[PDB]
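Here is the structure we will look at, set down as structure tokens.
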Amino acid sequence: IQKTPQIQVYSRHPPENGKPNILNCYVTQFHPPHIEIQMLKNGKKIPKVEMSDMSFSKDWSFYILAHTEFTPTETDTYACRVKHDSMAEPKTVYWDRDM
Amino acid sequence: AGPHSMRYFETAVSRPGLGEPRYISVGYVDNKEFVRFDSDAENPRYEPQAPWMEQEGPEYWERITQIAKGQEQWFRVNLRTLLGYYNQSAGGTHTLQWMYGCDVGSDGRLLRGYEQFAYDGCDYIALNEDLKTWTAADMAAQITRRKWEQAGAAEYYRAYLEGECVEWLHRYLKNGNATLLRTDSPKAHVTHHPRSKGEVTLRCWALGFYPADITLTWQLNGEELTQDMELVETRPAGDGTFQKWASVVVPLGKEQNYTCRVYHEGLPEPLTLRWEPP
Amino acid sequence: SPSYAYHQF
């Protein structure tokens, strides 16, 4: 069986435009453990995406943290695109500053 | 809040025609990762994942690393057996997971023990709380059950759980005291977003707290309110702390009747906050 | 310190 990934996209610190920060894409609750994670800036892959080690939780589902350095701007959009076999299409979640 | 604990989360993933199966073992004390082993590493070895762990001697690392090799053999074999039991083809990839350890009371003695196994992310076999009997999820696991009932597997596990597990936990607690037993209080605040006609979303934020154990709840007129409360998974900030939020939809103009409660062990007193304009 | 699974399926 397959478990569909749950995604949160969010910043390490409260966002200030012009202030350097870390952008996380926290992916959880998936099986099988093989997964593809991309962080995007204005629809283009950020090259410097650091990926934490995978782990699993007490319900056996796997999780992982993807993160990158970024500087929030009034005009730049950020997202996280996830590819997994539970999903017929990749799932894209946009960074929302209120979430 | 609670009993101290030690766990290991061990996993193997088969890579048919691409090498040996991937093996990973991660160790936790009080839900903090403190050691890790990855077979795909260049010098596969157990590594300390916490600074207070660097006080163990080289022989500690060697010995547990040996265990890891033994474990790789174990998983590889059992992965093959399970292909048998489930009548599955040898070219596909599969998962085998083992989770085990102890919760310890304030006396320093065993509160509860765990030995659980999953295959392809589904329950396979698990040691009941009595630490004497097995729960088997399907008939394939029943086979392993009979076999393990006759072999006395439960006592083997129980000896580890009651002895070795607890004493190691105690040593680790002694060594990592300063960092394991601290608290970072949450910084809380409430945010306000339009939502629909006459309706607004209020969002309670809890940030930069350790440990992850936390409770947030809304309130109407000082009474708890969780009905239709959207609550997200606790998430790591990436610097050792966590974040969480909780939201509710309330009538425009009625926001002053709602309050957010935050509970966390770091706080001398629970937080109570409300949306404050302008 | 971790442990052998030892018993076989």
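Going through the structure tokens in order, the chains are called A, B, and so on, while each chain numbers its residues from 1 and the ligands are numbered from 1 in the order shown.
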
Counting only C-alpha atoms, chain B residues within 9 Å of chain C, as number ranges by chain
B: 7-8, 25, 27, 60, 64, 67-68, 70-71, 74-75, 77-78, 81-82, 98, 101, 141, 143-145, 147-148, 151, 153, 156-157, 160, 164-165, 168-169

What are the closest atom pairs, with distances in Å to one decimal, for each residue of chain A lying within 7 Å of chain B, using only C-alpha atoms, rows by chain and rising residue number, as JSON lines?
{"residue": "A:12", "atom": "CA", "partner": "B:237", "partner_atom": "CA", "distance": 5.1}
{"residue": "A:31", "atom": "CA", "partner": "B:121", "partner_atom": "CA", "distance": 6.8}
{"residue": "A:60", "atom": "CA", "partner": "B:121", "partner_atom": "CA", "distance": 5.7}
{"residue": "A:61", "atom": "CA", "partner": "B:121", "partner_atom": "CA", "distance": 6.9}

Those same residues - N, CA and C atoms - I'd like them written as a PDB file, in the first residue's frame.
ATOM      1  N   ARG A  12      12.215  29.159   8.578  1.00  0.00           N
ATOM      2  CA  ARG A  12      12.811  28.979   9.915  1.00  0.00           C
ATOM      3  C   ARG A  12      12.479  30.142  10.850  1.00  0.00           C
ATOM      4  N   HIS A  31       4.660   6.511   2.289  1.00  0.00           N
ATOM      5  CA  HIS A  31       5.223   5.208   2.007  1.00  0.00           C
ATOM      6  C   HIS A  31       4.890   4.888   0.537  1.00  0.00           C
ATOM      7  N   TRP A  60       5.089   4.086  11.445  1.00  0.00           N
ATOM      8  CA  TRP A  60       5.909   3.528  10.373  1.00  0.00           C
ATOM      9  C   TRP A  60       6.086   4.449   9.189  1.00  0.00           C
ATOM     10  N   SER A  61       5.246   5.496   9.067  1.00  0.00           N
ATOM     11  CA  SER A  61       5.380   6.412   7.910  1.00  0.00           C
ATOM     12  C   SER A  61       6.739   7.164   7.942  1.00  0.00           C
TER      13      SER A  61
END

List every residue of segment 34-199 of chain B that DSSP, applied to the backbone, labels as strand (DSSP E or B), and write the result as a PyMOL selection string.
chain B and resi 34-38+47-48+95-104+110-119+122-127+134-136+184+187-196+199

Shell around segment 1-3 of chain A at 7 Å using only C-alpha atoms, local window under 3 positions removed, as a VMD selection string:
chain A and resid 29 to 32 86

Could those selected residues go to a file with C-alpha atoms, as a tab-separated table (two decimals), in the first residue's frame?
chain	number	residue	atom	x	y	z
A	29	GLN	CA	3.50	10.49	6.35
A	30	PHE	CA	4.57	8.74	3.14
A	31	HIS	CA	5.22	5.21	2.01
A	32	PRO	CA	7.25	3.96	0.10
A	86	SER	CA	1.03	7.55	-4.15

Excluding residue 127 of chain B and residues on its chain fewer than 2 positions from it, collect all residues at most 9 Å away from it, counting only C-alpha atoms, and give them as a VMD selection string.
chain B and resid 113 to 116 125 129 to 135 154

Dump of C-alpha atoms for the selected residues, as a PDB file, in the first residue's frame:
ATOM      1  CA  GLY B 113       8.790  -1.978  26.522  1.00  0.00           C
ATOM      2  CA  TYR B 114       8.444  -2.132  22.740  1.00  0.00           C
ATOM      3  CA  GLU B 115       9.330  -4.645  20.019  1.00  0.00           C
ATOM      4  CA  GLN B 116       7.472  -4.046  16.739  1.00  0.00           C
ATOM      5  CA  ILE B 125       4.404  -8.696  14.372  1.00  0.00           C
ATOM      6  CA  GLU B 129       2.604  -4.998  26.656  1.00  0.00           C
ATOM      7  CA  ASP B 130       2.871  -8.039  28.879  1.00  0.00           C
ATOM      8  CA  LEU B 131       6.221  -8.636  27.087  1.00  0.00           C
ATOM      9  CA  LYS B 132       5.192 -12.301  26.831  1.00  0.00           C
ATOM     10  CA  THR B 133       2.780 -12.633  23.931  1.00  0.00           C
ATOM     11  CA  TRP B 134       2.673 -11.604  20.275  1.00  0.00           C
ATOM     12  CA  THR B 135       0.197  -9.834  18.084  1.00  0.00           C
ATOM     13  CA  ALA B 154       9.860 -12.856  24.111  1.00  0.00           C
TER      14      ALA B 154
END

Find, counting only C-alpha atoms, the residue in A:67, A:44, A:97, A:34 that gets nearest to residue 5 of chain A.
A:34

Excluding residue 213 of chain B and its own-chain neighbours fewer than 2 positions away, which residues fall within 8 Å of it when counting only C-alpha atoms? Please give them as a PyMOL selection string.
chain B and resi 1+210-211+215+264

Written file, previous selection with N, CA, C and O atoms, as an mmCIF file, in the first residue's frame:
data_model
loop_
_atom_site.group_PDB
_atom_site.id
_atom_site.type_symbol
_atom_site.label_atom_id
_atom_site.label_comp_id
_atom_site.auth_asym_id
_atom_site.auth_seq_id
_atom_site.Cartn_x
_atom_site.Cartn_y
_atom_site.Cartn_z
ATOM 1 N N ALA B 1 6.819 16.524 28.771
ATOM 2 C CA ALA B 1 6.497 15.947 30.078
ATOM 3 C C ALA B 1 6.532 14.406 29.972
ATOM 4 O O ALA B 1 6.167 13.837 28.932
ATOM 5 N N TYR B 210 11.189 23.888 22.672
ATOM 6 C CA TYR B 210 11.689 22.530 22.887
ATOM 7 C C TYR B 210 11.336 22.155 24.328
ATOM 8 O O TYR B 210 11.596 22.917 25.263
ATOM 9 N N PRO B 211 10.826 20.921 24.522
ATOM 10 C CA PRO B 211 10.580 19.894 23.479
ATOM 11 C C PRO B 211 9.338 20.081 22.668
ATOM 12 O O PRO B 211 8.511 20.949 22.978
ATOM 13 N N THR B 215 0.601 21.701 23.603
ATOM 14 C CA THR B 215 -0.835 21.730 23.339
ATOM 15 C C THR B 215 -1.377 23.145 23.086
ATOM 16 O O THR B 215 -1.243 23.993 23.930
ATOM 17 N N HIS B 264 2.875 24.335 27.520
ATOM 18 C CA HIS B 264 4.200 23.794 27.324
ATOM 19 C C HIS B 264 4.964 23.799 28.639
ATOM 20 O O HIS B 264 4.822 24.714 29.471
#
